[PDB]
Amino acid sequence: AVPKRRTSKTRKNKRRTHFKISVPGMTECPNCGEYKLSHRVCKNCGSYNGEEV
Amino acid sequence: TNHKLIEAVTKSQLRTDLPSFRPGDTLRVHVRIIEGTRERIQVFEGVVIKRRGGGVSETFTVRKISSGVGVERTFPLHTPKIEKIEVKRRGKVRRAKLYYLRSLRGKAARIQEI
Amino acid sequence: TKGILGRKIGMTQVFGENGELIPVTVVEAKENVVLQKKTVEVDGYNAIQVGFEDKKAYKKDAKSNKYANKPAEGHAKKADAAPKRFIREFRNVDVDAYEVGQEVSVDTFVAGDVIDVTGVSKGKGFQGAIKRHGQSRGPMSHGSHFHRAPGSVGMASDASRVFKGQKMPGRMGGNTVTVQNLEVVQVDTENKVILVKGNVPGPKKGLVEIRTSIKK
Amino acid sequence: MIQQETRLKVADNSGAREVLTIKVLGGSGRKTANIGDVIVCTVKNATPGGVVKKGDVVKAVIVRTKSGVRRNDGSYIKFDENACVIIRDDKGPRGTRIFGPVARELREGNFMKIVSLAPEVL
Amino acid sequence: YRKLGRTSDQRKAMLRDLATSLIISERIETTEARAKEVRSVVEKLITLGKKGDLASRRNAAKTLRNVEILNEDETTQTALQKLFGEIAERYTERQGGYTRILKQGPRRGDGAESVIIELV
RNA sequence: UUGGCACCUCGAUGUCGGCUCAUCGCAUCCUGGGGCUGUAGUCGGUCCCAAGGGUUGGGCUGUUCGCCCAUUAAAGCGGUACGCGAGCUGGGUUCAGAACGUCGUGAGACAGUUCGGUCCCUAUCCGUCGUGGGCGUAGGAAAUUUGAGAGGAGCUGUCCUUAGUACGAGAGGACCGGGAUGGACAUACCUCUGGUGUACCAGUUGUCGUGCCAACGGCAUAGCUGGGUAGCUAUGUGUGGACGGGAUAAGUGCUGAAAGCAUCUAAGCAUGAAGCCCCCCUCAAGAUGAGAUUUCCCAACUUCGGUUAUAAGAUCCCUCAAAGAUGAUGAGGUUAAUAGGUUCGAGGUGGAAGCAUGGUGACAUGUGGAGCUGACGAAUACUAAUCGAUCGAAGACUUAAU
Ligand SMILES: [Mg+2]
Ligand SMILES: [Mg+2]
Ligand SMILES: [Mg+2]
Ligand SMILES: [Mg+2]
Ligand SMILES: [Mg+2]
Ligand SMILES: [Mg+2]
Ligand SMILES: [Mg+2]
Ligand SMILES: [Mg+2]
Ligand SMILES: [Mg+2]
Ligand SMILES: [Mg+2]
Ligand SMILES: [Mg+2]
Ligand SMILES: [Mg+2]
Ligand SMILES: [Mg+2]
Ligand SMILES: [Mg+2]
Ligand SMILES: [Mg+2]
Ligand SMILES: [Mg+2]
Ligand SMILES: [Mg+2]
Ligand SMILES: [Mg+2]
Ligand SMILES: [Zn+2]
């Protein structure tokens, strides 16, 4: 099977309505103030839950 | 255990007059035949080849050779239809399920006694 | 006409008066309370709303459904009851025989009652036509390249379409199912359990609704 | 669980030794028969001199099956073989003797003569 | 239990390798799913070590790898010896929970969630 | 159907039969209701209403057909590109090889036969089956819901009793009514019987290792073999098509004139099908006509139109499963048993290792229902569900009544 008609710009972009990524789930590190992924060690300062890793 | 509620509701179904036995033991099972209104006891004698399950669901199977034909009877261990069980002989075996006896006849199917 | 809510515990068996083996489902039906009374005048129809299985009280930073939220707590407090995990209406009962706030004990049913049991059937996820719809396979040999496919979905130019209702792969199970004319084998008031003869829909711990059987 | 093409031992002295099942009686599309059910069958093997001959189309009641049967009390009976008895139109056996044990379900089926002739009824 | 994208024999082998590596180094970087599977294996090994008897040592030998650990004092010991010595002594008073997992975030090459799993 | 015609398609509309999946018509095969009968009864014949459901396995043949075996209540007739090859097959038929009969001087040929003979395609659109997001439904929310609509289901045997009665010389043998139990089908479910059960237990071969013994590990389909938990499961266990109501069909009548009689029909009143509408099961307010009930939240600042972050609430992220492609759903997130670990069990396996004893030994016995054990039950914060962040109201106008 092959496309019977080409896909218009309108239709392609309607389809791509939901094709996107989201901002990461990130919060400011309580230790160093830099952003980090929640539930991950902070790479800037190496801290997690107030302790060094 | 099993679920506490299941055990609690099935506790009174369990019988306490059953002898200990293992697969390979020869049993005489006295079974109540209630044909019509007449009641009689028919004895089924055979080797225990299988015990499975737990609690009120437990079953066991006994195998016999009758007129040259193997016959297996499986009972709920706690069924009220068994008047009593007698352990006629303790067998010496090496495993829980004696399915290999189904394929053996005669001297090949003998169970060593303990 | 009676009704109660319970959780499916599991299956077991009981020996009947003649030694017959009776498969049963254990339903734990504790903590049923009439939360609301609906009437033709206010709501347009008669029913009792029953709440089943106390949950915990409202707390500030609740993160799960374990803790009642403020709307639910107000709704239950109006009946003077603790907040409940499951809430269902019974239209088949006589509303005049119940008071809001009343307990609904398993003792409302008696051994021998014929009942209908409603639940949500176990989910199976995405399933094919053979499993989901019970269709036949194609040949497994003799050159076949058709084993578990659903078969022809239509005809030709007439009708140049697939009709609605065509059976195709998709999510299976997880449906509301009523099994009619089961029987109450036993009621155990100490444990708050009802033994239902046979099997009922859903996984263990699933909500089940027991009603007096509609057909008689 | 006996279906078309299942072969069975004949547990009697009618002359038939082994039959092949042609039909399970008792409804349209009925796939399998068990103890106490009647089948149409053809005699594949016979003892010389018997009343029933090879190639006869006959009716038989199943008396033993490997599948066995389940009883209302949750007990079971199973046999090592599938065996049947050739019967007349009135459910009486064609032969004069029954061999091997038979299930009690024959009584509920009203095969009383076969049950009486059977050496053991279990 | 997880399959970890491997056949049964390969998964068993990888879990033995990971368990021995965690016993030796006391903390290792790996993927999240691997860490969640190996925590159970490692802690059951710890349980054997704490039991301490010869049957337990042989059961542990079924799982551990044959690896030599060079101590600071130029002395060597096997992973089995380390487990039934210092690790068991360490966790005598702790009832389960001998490992922890710390998420680190996706790595570059394939986006897998890197984690550190360590003893204690 | 066999044709006639040559209007679409020769910059291709795949052609017989079978398989899978159906769907529709009724001119009805069965089951339901009737009229007439050269209808005694049991059976039948013929016609009318009726499309709800149902309407079988095999032998032969490529076959469709057809015949045959054995059933069944019955084994319906047709349309859907002689339904369905971007769903399957490829036996026939319609390529190239070869051969027989036959025809032809021959090359060759034959709705004559014979043996052999490549079935491609990642779904763009509508359509269909599932499953999410947005906005709307004049505040923002959590639950419970009505049911406009829609879908599902809808079949039937045998036996017992009435009653060996009515009927019939006899043979035979009922209607109506009352019970029991099946076939097929559908659905849920794993207690039972079984299947599977690649991180459960055990036996065992060859070979390579852990230095050796002992005990173990790797590889040989999971090396092989005997068992087997949860889950998933049928052939297994339950349940269903029950009982009814309303209006009708063909009919059957009552009263009744037109038309002094007669007449079911004109007015009027009854009765009457598995069929229609309900009753039963499921979905359902995007039912834009967006419905209903209960509960929750409710202030400051304003260029005084309006805004604001917050509230109730819900998410992100995290531990998970009864849920699952992913979303979604559900159980949880320290004020916590959500998972892992740990402890105790269930079920499974079937007697660990070490030691001792008896044997020359292979082995056996004791210690000891031992040891082990994924998913199932219970307990326990030891590990991880940290610290955080985001979204989310202030309620338009008109009229009437109060
Ligand atoms: Mg294939
Ligand atoms: Mg069309
Ligand atoms: Mg291997
Ligand atoms: Mg012309
Ligand atoms: Mg073209
Ligand atoms: Mg008609
Ligand atoms: Mg019809
Ligand atoms: Mg066609
Ligand atoms: Mg096509
Ligand atoms: Mg061909
Ligand atoms: Mg030609
Ligand atoms: Mg060839
Ligand atoms: Mg099962
Ligand atoms: Mg089970
Ligand atoms: Mg080896
Ligand atoms: Mg190797
Ligand atoms: Mg090699
Ligand atoms: Mg020992
Ligand atoms: Zn930091």
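Note: the structure precedes this text.
Residues numbered from 1 in each chain as written, not as in the entry; some residues may be left out. Chains lettered and ligands numbered in written order. Part of a larger assembly, values for the part shown. Heavy atoms only, no water.

Caption draft 1: Focus on the sheet that holds strand β3 (residues 38-46) of chain D. All names here are of chain D. One closed barrel accounts for five strands, arranged β1-β2-β3-β4-β7; its pairing is mixed. Averaged over all adjacent pairs, the angle separating strand axes in this sheet is 55°, with direction ignored. Summarising the sheet, strand β1 (residues 7-10) and strand β7 (residues 83-87) pair through two bridges and their orientation is parallel. Opposite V10, over in β7, you have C84 as the bridge partner. (Pairing = 2+ DSSP bridges. Helix = DSSP H or I, 4+ residues; strand = E, 2+ residues; numbered from the N terminus. Axes fitted to C-alpha atoms, helices over the stretch in contact; angles between N-to-C directions.)

Caption draft 2: A look at the pattern of salt bridges. The tally for this structure, following the rule as stated, stands at 37 salt bridges over all chains. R27 of chain E serves as the salt-bridge partner of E118 of chain E, at 3.1 Å between the closest nitrogen and oxygen. Of the two residues, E118 of chain E is situated in strand β5 (residues 113-119) and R27 of chain E in strand β1 (residues 27-31); the sequence distance between them amounts to 91 residues. Here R27 of chain E falls in the partly exposed class, since its relative accessible area comes to 37%. Close ionic contact of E118 of chain E with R100 of chain E constitutes a salt bridge, the shortest N to O distance being 3.3 Å. Here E118 of chain E is found in strand β5, whereas its partner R100 of chain E is found in strand β4 (residues 99-106), with 18 residues between them in sequence. The exposure class assigned to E118 of chain E is buried, which follows from its relative accessible area of 14%. A cluster of three or more residues bridged by salt bridges with shared partners is formed by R63, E72, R102 and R105 of chain B together with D80 of chain D. (Salt bridge = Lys/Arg side-chain N within 4 Å of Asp/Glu carboxyl O. Buried < 20%, exposed > 50% of the residue type's maximum accessible area, 1.4 Å probe, protein only.)

Caption draft 3: View of a positive patch on the surface. Taken together, the side chains of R5, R6, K9, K12, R15 and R16 of chain A present a region of like positive charge at the surface. Counting through the fold element by element, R6 of chain A comes out in the segment before α1 (9-16). (Patch = residues over 30% accessible without salt bridge, like charges linked within 9 Å, V, L, I, M, F, W, Y side chains within 5 Å. Areas by Shrake-Rupley, 256 points an atom, 1.4 Å probe, with all protein chains shown as cover. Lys, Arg positive; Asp, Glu negative; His and termini not counted. Charge placed at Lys NZ, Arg CZ, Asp CG, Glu CD.)

Caption draft 4: Structural view of the sheet that holds strand β4 (residues 47-54) of chain C. All names here are of chain C. Sheet architecture is open: three strands sit in the order β3-β4-β5, paired in antiparallel fashion. Whereas interior strands pair on both sides, the edge strands pair on one side only; in this sheet they are β3 (32-38) and β5 (84-90). The mean inter-strand angle of the sheet, taken between neighbouring strand axes irrespective of direction, is 25°. Of the pairings in the sheet, the one linking β3 to β4 comprises six bridges and is antiparallel in character. Bridged to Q36 within β4 is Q49. Sheet contacts for helix α1 (residues 70-79): β3 and β4; angle to β3, the most-contacted strand, approximately 90°. (Contact = heavy atoms within 4.5 Å.)

Caption draft 5: Representation of the packing of helix α2 (residues 32-51) of chain E against helix α4 (residues 79-90) of chain E within the structure. Residue and element names in this part refer to chain E. Between α2 and α4, the least distance of the axes is 8 Å, while the angle of their chain directions is 90°. Judged on the interaxial angle alone, α4 and α2 are roughly perpendicular. Each of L45, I46, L48, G49 and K50 in α2 lies in contact with α4, whose residues at this interface are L83, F84, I87 and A88. Considered class by class, the residues forming the contact of α2 with α4 number seven nonpolar, one polar and one charged. (Parallel < 35°, antiparallel > 145°, perpendicular 65-115°, else oblique. Nonpolar A, V, L, I, M, F, W, Y, C, P; charged D, E, K, R; others polar.)

Caption draft 6: Structural context of the packing of helix α1 (residues 8-25) of chain E against α2 of chain E. All names here are of chain E. Where α1 meets α2, the closest approach of the two axes is 9 Å, and the angle between their N-to-C directions is 65°. It follows from the interaxial angle that α1 and α2 lie roughly perpendicular. Crossing of α1 against α2: the hand is right-handed. Taking contact as the criterion, the partners of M14, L15, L18, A19, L22 and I23 in α1 are, on α2, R34, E37, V38, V41, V42, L45 and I46. Class assignment of the residues belonging to the contact of α1 with α2 gives a composition of eleven nonpolar, no polar and two charged. (Left-handed = near helix turned anticlockwise from the far one by under 90°.)

Caption draft 7: Here's a closer look at the interface of chain B and chain D. The interface of chain B with chain D comprises 20 residues on the first partner and 19 residues on the second. Summing both partners gives a buried area of about 1500 Å² for chain B against chain D, and 44% of it is carried by carbon and sulfur. Here chain B and chain D share five salt bridges between them. As a salt-bridge pair, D80 of chain D and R105 of chain B come within 3.0 Å of each other at their nearest N and O atoms. Listing elements by their share of the side of chain B that touches chain D, those giving two or more residues are β2 (40-52), β3 (59-66) and β4 (69-76) of chain B. If one sorts the elements of the side of chain B that touches chain D by residue count, β4 of chain B sits on top with eight residues. Within the side of chain B that touches chain D, the residues separate by chemical class into five nonpolar, six polar and nine charged. Bridge count for β4 of chain B against strand β6 (residues 76-79) of chain D is four bridges, and the pairing is antiparallel. (Buried area = accessible area lost by both parts, 1.4 Å probe.)

Caption draft 8: How the structure looks around the packing of aromatic side chains. Applying the stated criterion across every chain yields a total of four aromatic pairs over all chains. Centroid distance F21 of chain B to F60 of chain B: 5.3 Å. Interplanar angle 65°. Geometry classified as edge-to-face. Of the two residues, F21 of chain B is situated in the loop between α1 (4-10) and β1 (26-33) and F60 of chain B in strand β3; the sequence distance between them amounts to 39 residues. As far as burial versus exposure is concerned, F21 of chain B and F60 of chain B are alike and both buried. Measuring from centroid to centroid gives 6.0 Å for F52 of chain C and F86 of chain C, while their planes differ by 20°, and the two rings are stacked. With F52 of chain C in strand β4 and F86 of chain C in strand β5, the pair connects residues that are 34 residues apart, well separated along the chain. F86 of chain C carries the same exposure label as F52 of chain C, and that label is buried. Linked through ring pairs, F21, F60 and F75 of chain B together constitute an aromatic cluster. In this structure, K59 of chain C packs its charged tip against the face of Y67 of chain C, placed 3.9 Å from the ring centre. For the cation-ring pair, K91 of chain D lies above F111 of chain D, with the distance from its terminal atom to the ring centre recorded as 5.3 Å. (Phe/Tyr/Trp six-rings, centres within 6.5 Å; stacked < 30°, edge-to-face > 60°. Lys NZ or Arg CZ within 6 Å of the ring centre and 35° of its normal.)

Caption draft 9: Local environment of the protein's contact with RNA strand F. Looking at RNA strand F, there are 156 residues lining it, with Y48 of chain A, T59 of chain B, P71 and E89 of chain C together with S8 of chain E nearest. The sugar and phosphate moieties of RNA strand F supply 76% of its atoms located within 4 Å of the protein. Measuring from a sugar or linking oxygen of RNA strand F, one finds a backbone N or O atom of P201 of chain C at 3.4 Å. In this structure, a sugar or linking oxygen belonging to RNA strand F sits 2.6 Å away from a side-chain N or O atom of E43 of chain E. A total of eight residues in the surface near RNA strand F trace back to one element, the largest contributor, which is α2 of chain E. A per-class count over the surface near RNA strand F returns 40 nonpolar, 56 polar and 60 charged. (Near = heavy atom within 4 Å. Polar contact = N/O pair within 3.5 Å; in protein donor to acceptor, adjacent residues only side chain to side chain.)

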